[PDB]
Each structure stands twice: as structure tokens, then as C-alpha cells.
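Student: here is my input, please return the structure:
(7 chains)
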Amino acid sequence: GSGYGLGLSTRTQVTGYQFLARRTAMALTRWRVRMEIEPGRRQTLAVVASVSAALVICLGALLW
Amino acid sequence: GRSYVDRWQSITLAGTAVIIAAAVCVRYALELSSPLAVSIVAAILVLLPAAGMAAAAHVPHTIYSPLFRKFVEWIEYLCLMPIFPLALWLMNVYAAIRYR
Amino acid sequence: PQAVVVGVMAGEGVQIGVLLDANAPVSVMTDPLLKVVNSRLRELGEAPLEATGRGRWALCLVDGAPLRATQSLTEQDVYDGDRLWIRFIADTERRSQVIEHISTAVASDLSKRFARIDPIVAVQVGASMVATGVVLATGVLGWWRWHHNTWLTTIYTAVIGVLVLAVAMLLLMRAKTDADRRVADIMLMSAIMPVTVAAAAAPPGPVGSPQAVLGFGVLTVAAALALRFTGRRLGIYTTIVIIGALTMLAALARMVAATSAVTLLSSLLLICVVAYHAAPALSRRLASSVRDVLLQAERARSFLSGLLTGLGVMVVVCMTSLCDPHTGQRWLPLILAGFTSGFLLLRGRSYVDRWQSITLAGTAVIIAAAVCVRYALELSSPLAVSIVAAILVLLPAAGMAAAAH
Amino acid sequence: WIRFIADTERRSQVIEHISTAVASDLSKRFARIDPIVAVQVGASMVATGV
Amino acid sequence: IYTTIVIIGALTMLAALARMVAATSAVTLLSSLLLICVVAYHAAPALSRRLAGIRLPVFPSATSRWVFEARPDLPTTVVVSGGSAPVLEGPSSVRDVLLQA
Amino acid sequence: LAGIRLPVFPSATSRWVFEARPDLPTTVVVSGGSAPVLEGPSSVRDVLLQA
Amino acid sequence: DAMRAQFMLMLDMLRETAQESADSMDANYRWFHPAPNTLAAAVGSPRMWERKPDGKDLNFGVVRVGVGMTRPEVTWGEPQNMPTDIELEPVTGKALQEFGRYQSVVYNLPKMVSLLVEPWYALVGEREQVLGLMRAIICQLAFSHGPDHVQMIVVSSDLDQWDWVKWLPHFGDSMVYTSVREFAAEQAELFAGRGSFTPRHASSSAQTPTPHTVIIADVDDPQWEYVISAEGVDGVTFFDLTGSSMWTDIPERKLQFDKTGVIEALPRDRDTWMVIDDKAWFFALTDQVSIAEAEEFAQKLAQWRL
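Tutor: Numbers count the residues shown, from 1 in each chain, chains lettered A, B, ... in the order given. Here you go:
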């Protein structure tokens, strides 16, 4: 009980937790939770896009 | 800086952005000394912060169209997208792989 | 000793002299005491004291702290001739509030105790950044004049001085509130530096004594002019005038004729020594009926604080320049610095102001530490540094221990 | 109260007016130094020395 | 103030250590610190949340039914030396959030 | 250049309020017609001049 | 994620609606039952002796003993078409579960006891705690109920503790006794004449006689068995400060004090005062006043008459 240990978990629960975390992270910086638009994710995807673009150039160079 | 509402937390972000510009400008005068550099640096170093004081006092009392507000948002993303591809170039990683 | 006479303060401001029982506990007297002040107010025709909703009547010091209800008036540190205040303190009891969901709970709570950024503060930040920007601009332009005599430094700085002063004038006239005045003052004060180096850089040839005469002169003039027409920020402008004036005398003498720097430095030190005794008099002469007295009091207080700061800066620069680890009787200036520091260290107690007393006390300590550093950099060897380190840590430890122990 | 009235007894019987809200504030707005403050300054100086 | 010292300390240690054992170039070390900081600005609100002890609710993982009204949680009492009278103000689970924030 | 402005916002992040207190009417005077008279809300008068 | 975000927002608006109703209850209850230390300053106001027995006053016979938990005036409706336990979304489920557990009670409200509902109330604890609570009860009653409506009697051996009672008017007559034999001769001859206890209610208050009697037992005399085995008399209520076995044999009439000053008892319904459970539990945090404070309040009250 009480969720102790390392028991298995459902994909519905993974996104569930990840949503409560995003909402709380927003509360610490914007002090509100209405979230009409969610800038937290938009700013994160821009980093993931930059990292991915850098790796693509390496494959091009490696192939050359 | 827009995403932080607390007073000192937001000031430290804006302050970090301005000090980089000022520090890089001065570095270009105390080395590579010449009339252009010392003149240009003296101009940027005084005009750049002045432009901010005007925008800081003027923006809060005006109304802007949603097409423009939606555009400044996209300036941030266009600033992040080039960092990694440029850093790996400065580090010389691509040449090291192409001439493996 | 069975009773004490004290002044009790009541509603809206009436003070009444009363002879209280010195040993009964304070909770026994507040009720009949309240009756007496109300009786006198009623006969005087004033409005009596009254309760409002839920609360209680309490007896407090003029600082507002209430006295412990069970202790005797003699058990507390209350003496004959003191004064007290009778007051009503309201009930603070109310229901407790709960929020379950940590996301909403943190948001609501955090918004109450801390202050968010607003358009009023946004302007003061920009105003501070523009001031920092130009003092950096003058620095590189000044550094260039130190290697080149061309007009560029005066030419380019002159235009900046004009522009910054021009903008400041509009802000001063348009102002409406204290916030608007703060921004205006920060901007005008920033004009003094570019204008100052703009004049000093004009005289051709290598930099030195001849240019120095112009610099510290125009600086002193501008600071005085700003103080006259502004009449605000008294202390800082006062400090600039003093340090500028004394430097102008030294610059003029060295430029005209001077047998040695030691002669000028010794002269300045003596001038400062006598100036400390004159400072309170100078401050005092520099200064509906209530307005005139309070304005006179705060204006006077401000001038002394600024005046003391100006003198403190000069002695440490002079004193540290006079001493030397190799020149002649190396011990003579060391002991002379000690005797000079003792006067300042002891005299600090004669003034009631916290910052005035602290600046005086701090002025002595810095000289002693500065002298040891000078004697550690030069004549460098393990004995020199070993002695200076031990001295610098033991020095203040003994001072605080003697006061706290 | 029961009290002894000596022949020397004299009482003021006079009152004066001043706004209570300002008198209380002026008590702390500015005054002389305190030992706790002196200790804090002392701590800062030895910290600066080391 | 203490958190600032730990970050500049830890990050500088790794740069100094690599320079010692591998003699890597200055351009590689300075550029790598920049990339580490660009991601650090995105993790800051998440690192800050766990360092402070904020705890997200645990999920019941579908081995029990929902109970709408168990007997309510017991309130907690507090005491003060000067304000000698004890007082109560709420459940422990709620009373702590005001300090964690 | 004439200063016409078009407000667009998500209703202040709130539902509508039909009973909100109407704007206070402005008083006007004339040199000859020294007796003051009120003509209407400040927001609506500007439009007649901006146009 | 869009549905999750909408559902959380719908709950916050319910919270705001709940919070406002609770504030109205706080405002009202404080207005009728203030903290014992604040009562002295109110003596001159019209709030003193305000309580009336004439049916419309729902507060008659009610006394404040401390603070604790109580049920809000809100009525929650159960959710319709509930998804089966094997099909619930995990975020909204816990949110709705926790909502029900905490939003069902409001903290720090004044807890109360009714005289018209029980023959006696056994106070069990150390002497210092019990006397603290009893003095508070006397001054709470004294401020809210008039002498024409409440009369009070004390039976005690430690007369040195009740010396302050002298100033109060509720203790007057045309009144402290040393033993049951003494009380039996003077007072019981009048009161024992008729009746036995009968639980009343607000509307019934118009029928009961005006002088309600409060008796405080501080002697532990075994002679009390006569009235106790007869189940008291109507218009009388006893408070036992000793914790004697004849009074202490009924859980529905026993109050237990913890070392921390927390009192435990059986739960009673807010609207009917009827007992709703058979196990004792947390009830209220104790409030208490000193002998000096009691005499101080008593002197202030002694200055006034009808």
C-alpha cells in the first residue's frame, strides 16, 4: 500500500503525474493557474528542436 | 523575464542580459585599441540602455494589436533554435567528424 | 517609594499627570484609571473613550508594548516621571482557512506575502541602468585621454554632457510625485561626470597638475549649483563639494609651486584635523510653526552626516600617502596615525545619530588596516606578512570583546 | 486606596494636548545607539578583518 | 546566498577537473559550460520544487474504492511563550504548505 | 494617426457583469454660457472628436 | 489534458462559493459567543443579559466551552452517473476524493453546551483544569443570562477558592454551602418538592419557569444519591467538579480532559443536540480564566441592576 517501492505503472498515470507537475511549476513562477496558453511546453520543445537539429548535422557529416 | 512575476527574480534575468553586452563591448576597447572601436563602443554603451529606459516607461500605458503581441512571443523561440548548432561549430565538432 | 507620578496618554492626545500605586499589579488599575480620564474628558467637554465590538483595554509603553498584567508597577522598569499610554486592542480571532490542492494552494498563498513587479518600479530600474551606462562611457573616453592629447575626448564627452542634462530638465519640470522626483534626481546627478571630464581633458599636452586644476574646480561648481537649485539629496552633494574643494587647493599649489608632496599632504592633514571640530558649527549655520522647527532639524542633521563623510575620505587618503615603510623614521608616521585614530575612536560617542556615530567609529578602523596593508605589499617578506595578518585579526577582536564582555 | 497625606503634598492638576499617533512614532523613528546594534557592527568588523 | 555558492562551486570543479586530467582546450570547456547553463534555466523551477520538499499526491493505483466521508482529520494545537494561551489552526497536511512555499 | 483604439481581451478572464456601475457623466461650461451642464460619458465623447 | 484542466477549474469555483458561505457562519457565531477574556469590556453595551426565553431566541440555555470542529451550513449532492472503480481517471478522482474529506468541516469554530438537554455534566480532570473551566462557564452564563432567568448555587469545602463569588448578583437572594446536609436543609426543601429531568427545545422554552437553577458540586458527599437515583428535577442542572462515581457512570454526560487541555466527549447533533455516536472522541480545546480575572469581571458586573 501507500505506493511504496517500485511497482509497475500505467501510461494513463504517467501523463497524469506529468500534468500535475507542469501546473505546479507554473504556480511557482506566474502565481496563477488559469493557464490560458501553456508557455512551459512551448519553450521546452524549442530546446528539443535545437538538440535534434544539431544531431542531424552530425549524421550528415558522419555520412560524408 | 516575462515569465517571472516576483520583483527581484525578474530583475536579475534582465540584468544578466544587459551586463553581457556591456562587458563584451568594454573588452573590445582595452584590446584592439583604435579610434573606431573606442568611439563605437562609447556610442553603443550609452544608447543601448537609454533605449530601454524609454521602452520601460512607455510600454505599460499603450495598447498593442494582437498580431504584434503574438510576434514578440515568437522572437524567443527563434533565439533558442540556433544556440546548439552554433555552439558545436564554435567547438569545431563537425570538422572533427568529417575528417575522422 | 510607595507611589510614583507618571503621565498617562489618552484618546486623541490628552496627557494627564497621575500618582499611581507603585506595588499593586497593573491589571488592577486600568479600569478605574479609564474612568478618571473619561471623567476629565467629559468635564473638559471632549469625546470620551469608547469600546468597539470585541477587544480589551490595555496599558502600554509609548512604544506600544503592553505591560504584563500580573506584575507590579515596581517589578517593571517604570520610574517616577515616565509616561504611559492607555489603549484599546481589538480581538484577532477568526476561522482558519484550508486549501487541499497544492497547485492552487501555493498560488494563492504566495501572492499575499511577496510583492510583484509593477510599472512604477520598472522606470527606476531603467533610470539606474542609464546612469551606470554613461559612467562606463566616460571611463573608456577618459582612459583614452591618458595616452592621447587629441580633442576627441573633450569633443565626444561634451555632446554627452549636453544630452544627459537636457533630458533631465524635462523630467524635473514634469514631475508630480515622490516617485517622479527620484527618477529625475538620478538622471541629473549622472550629468556631473561627463561634464567634469569634458573640461579637464581640454588643456593640451600630457595629463597632470595643469588639467587637475580644471577638473576638481568644475566638479565643485556643478555640485554646488545642483544643490542650490535642487535643494534635495543634501548629504551626497555636500560630500562632493568638500572633497572637490580641498583637492582644488592641492592641485593649484602643486601646479604653481611646491617643494614636495609631503608638504601638501601634511598641510591637508592639519586642515582636516581642525575641520572635525568645526563640522557641527558649520552644519548648524548651514541651516505652522512646527514645520519650521522640523525642517530645520532634519536639514541640519543631513548636513553634518555629509560633512563628516567628506572629512573621513580625505584623512585616510592623506594619512596612507604620508606613511612609508622605507623613508626615514618608518615608526614616526605609524605612531602618529595611531594618535590621530584615537581622537576619532573616542569622540564618536558625543553624537546621538546612529549613522553619524558609526561613520566616525568606522573611519578610525579603516586607517589602521590600510596602513598595515601598505607595509605588507612593499618590504615583502615572511616576517612582514606574518605580523600584519596576526595584527589585523586581533585588532577588532579586542575592541568588540572589551565592549561586549 | 487608603493613603497618608503628608503636609508637603502638591498635585499638578494640569493637562496638555498632543496627537498620540505622532508621539508613539517619533519614539523609534530616530534615537541613540543600542548595545545589540553595537554587537552587530562589531561582528561585521571582525568578519571583515579575517 | 548559500545556494549560489554551491552552483558556482560544483560547475567550476568539473571544469577544473577535466582540465587537470585531460588538458582539454579552453574553447571546449567554456562552450560546454554555456550549453549546460542553457538547459539549467529550463530545469530550475523543477529542481527548486523538489529541493523544497513539495510533495505531489500519490495515486491509489485502483486497489480500493473512493470513500466520500471518512471521519475528518484532527486539528493541530500550537503554543507561544509570550502569548501563553495555546491555540489551534488546522491539519498538519495543510499547515506545512505555508512554510514550504 | 487619429488615435482610434480597438480593445480585444478575454473578457478580463472573467464572466460578464450586466449590473456594473455606469460611467460618471462629464460636466461642461462655456464662457458666455457660464451655467454648467453635463453631456455624457468621457469614453463616448472622444469618439465624436476622433472621427 | 484539456479536459483535466477544465475539471480542476470547475472545482475552484465551488471552493470560492463554499468559502463565502463559511465566512457568514463565522461572523454570526462570534457575534453571539465571544471569547471569555473579551466579556468585561462589553458590560456597558446592550449585549449583556440579551438572552430571552420567549421561544424565538434559539440561543437560550447555550454556553460556550471552547473551540473545535463543526459542520458547515452547505449541503453537498452526490455525483451522478459515477464511472466504475476500474475505469476512473486518476487525477480527477483523487481531486474529488480529497475535496470531500476537507471541505466537509470548518476549523476553529466555538463549541457549545446546552443546559436544557442534560441533568448533569461530569467534569473529569485535574483540579486546576476543572476549576479553570468552571469559572469561565459561570461568567459566560452571567454575562449572557439575567439574574431573573438564572440562579446559581455552589456546594464546596474549599470556600477559599469561591471567595470571589461574593460580588455576583446571580448568587443573591431575598449562598455557598459546606455540605449536602446543610444544602438539604435550606435549598433542597424548596427544589426537591416536585419533578424530574425533561429534555426541552427552543420552542418549548416559552413554557419552562423563568428561574433556571445551576448547581456546582465540590464536596463528594455520598448523601447526593437521593436526587441522582431519582433522575434529578426539572429546572436544575449539576456540574460535578470532583468526578464522583455516581455522576461518572454515564458516558453521555461525561467530559474527559487530556494533559494538553483537549476535552473529549460523545458527538452531538448541531441542530437537535441529540447524541449521534457511542464512542468518545475529540470535542473542544479548553479556555480558562484565573481567580483574579473572575473577581475583576464580577466587580464590573456588580455595578449594575435592573
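Student: any idea how far the residue lying closest to residue E:76 once chain neighbours are set aside lies from residue G:234?
Tutor: Excluding its sequence neighbours, the residue lying closest to residue E:76 (C-beta to C-beta, 6 or more residues apart in numbering or on different chains) is residue E:92, at 5.5 Å. No exception for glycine: its C-beta is placed from N, CA and C like everyone else's. Distance from residue E:92 to residue G:234, counting by C-beta to C-beta, to the nearest Å: 46 Å.
Student: and those two? Which one has more around it.
Tutor: Higher neighbour count among residue E:92 and residue G:234: residue G:234, with 17 against 10, using other C-beta atoms under 10 Å in any protein chain shown.
Student: that one contacts residue G:197, doesn't it?
Tutor: Yes - using C-beta atoms under 8 Å, residue G:234 is in contact with residue G:197, at 6.0 Å.
Student: could you give the angle of whichever strand or helix holds residue C:367 to helix D:35-49?
Tutor: According to DSSP states H and E, residue C:367 maps onto helix C:354-377. For helix C:354-377 against helix D:35-49, the angle by axes from the mean of the first three to the mean of the last three C-alpha atoms, to 10 degrees is 20 degrees.
Student: the residue of chain A found nearest chain F: which element?
Tutor: Residue nearest to chain F within chain A: residue A:34 (6.2 Å; C-beta to the nearest C-beta). Under the criterion DSSP H and E, no helix or strand holds residue A:34.
Student: show me where the chain has helices.
Tutor: Here I'm looking at chain A. All helices of chain A, identified by DSSP state H, fall at A:11-30, A:39-63.
Student: right idea, wrong chain: chain E
Tutor: For chain E, the helices defined by DSSP H occupy E:2-22, E:26-51, E:92-95, E:97-100.
Student: quick one: closest of those to residue G:223.
Tutor: Checking the helices of chain E against residue G:223 by C-beta to C-beta gives helix E:92-95 as the closest, at 48.8 Å.
Student: okay, buried residues for that closest one please.
Tutor: Buried residues in helix E:92-95, counted by 16 or more other C-beta atoms under 10 Å in any protein chain shown: residue E:94.
Student: got the CA positions of that helix in PDB?
Tutor: Extracted C-alpha coordinates of helix E:92-95, given in PDB (Å, rounded to 0.1, in the frame of the first residue of the first chain):
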ATOM      1  CA  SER E  92      -0.700  19.100   9.700                       C
ATOM      2  CA  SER E  93      -1.000  18.200   5.900                       C
ATOM      3  CA  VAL E  94      -2.200  21.800   5.200                       C
ATOM      4  CA  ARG E  95      -0.400  23.800   7.800                       C
END
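Student: which strands and helices sit next to that helix?
Tutor: For helix E:92-95, there is no helix or strand it packs on, judged by 3 or more C-beta pairs under 8 Å, 6 or more residues apart in numbering or on different chains; DSSP states H and E.
Student: need the nearest residue in space to the residue most central in space within chain C, chain neighbours excluded.
Tutor: Nearest to the mean C-alpha position of chain C, by C-alpha atoms, centre = their mean, lies residue C:355 at 5.3 Å. Spatial nearest neighbour of residue C:355, chain neighbours left out: residue C:305 (6.0 Å); criterion: C-beta to C-beta, 6+ apart.
Student: got it, and residue G:33?
Tutor: Closest residue to residue G:33 apart from its sequence neighbours, by C-beta to C-beta, 6+ apart: residue G:64 at 4.2 Å.
Student: ok, so what distance separates residue B:94 from residue E:25?
Tutor: Shown here: residue B:94 relative to residue E:25, a distance of 16 Å by C-beta to C-beta.
Student: just the buried positions in stretch E:70-81, please.
Tutor: E:72-73, E:75.
Student: and residue G:146, that's in a strand?
Tutor: No - Residue G:146 sits outside any strand when classified using DSSP: H, G, I helix; E, B strand; the rest coil, being coil.
Student: pretty sure it contacts residue G:53?
Tutor: No - using C-beta under 8 Å, residue G:146 makes no contact with residue G:53, being 9.9 Å away.
Student: residue G:178 - how many residues pack around it?
Tutor: Neighbours of residue G:178 using other C-beta under 10 Å come to 13.
Student: how about the contacts made by it?
Tutor: By C-beta atoms under 8 Å, 6 or more residues apart in numbering or on different chains, residue G:178 lies in contact with G:155-157, G:159, G:219.
Student: with residue C:239 instead?
Tutor: Residue C:239 is in contact with C:306-307, C:309-310, C:313, counting by C-beta under 8 Å, 6+ apart.
Student: of those - the most surrounded one?
Tutor: Compared across these, residue C:307 has the highest neighbour count, 24 neighbours, by other C-beta under 10 Å.
Student: got a list of what it touches?
Tutor: C:238-239, C:242, C:279, C:282-283.
Student: ok, residue C:345 next?
Tutor: Counted by C-beta under 8 Å, 6+ apart, residue C:345 has contacts C:361, C:364.
Student: can you tell me how far it sits from residue G:197?
Tutor: Counting by C-beta to C-beta, the gap from residue C:345 to residue G:197 is 85 Å.
Student: how about the residues of chain B by chain E?
Tutor: Applying C-beta under 8 Å from any C-beta of the partner chain, we find that chain B lies next to chain E at B:80, B:83-84, B:87, B:90-92.
Student: mind checking the SS state of residue G:152?
Tutor: Secondary structure assignment for residue G:152 (three-state DSSP): strand.
Student: so residue G:22 makes contact with residue G:72?
Tutor: Yes - if you go by C-beta under 8 Å, residue G:22 and residue G:72 touch, sitting 5.7 Å apart.
Student: if we can go back for a sec, identify the residue spatially nearest to the residue of chain A closest to chain F, adjacent ones excluded.
Tutor: Nearest non-adjacent residue to residue A:34, counting by C-beta to C-beta, 6+ apart: residue F:13, 6.2 Å away.
Student: distance of the one you found from residue G:174?
Tutor: Distance of residue F:13 to residue G:174, given as C-beta to C-beta: 71 Å.
Student: and if you look at residue G:11?
Tutor: 64 Å.
Student: of those two, which one has the most company?
Tutor: Set residue G:11 next to residue G:174 and count neighbours by other C-beta under 10 Å: residue G:11 wins out with 16 against 2.
Student: alright, calling it a day.
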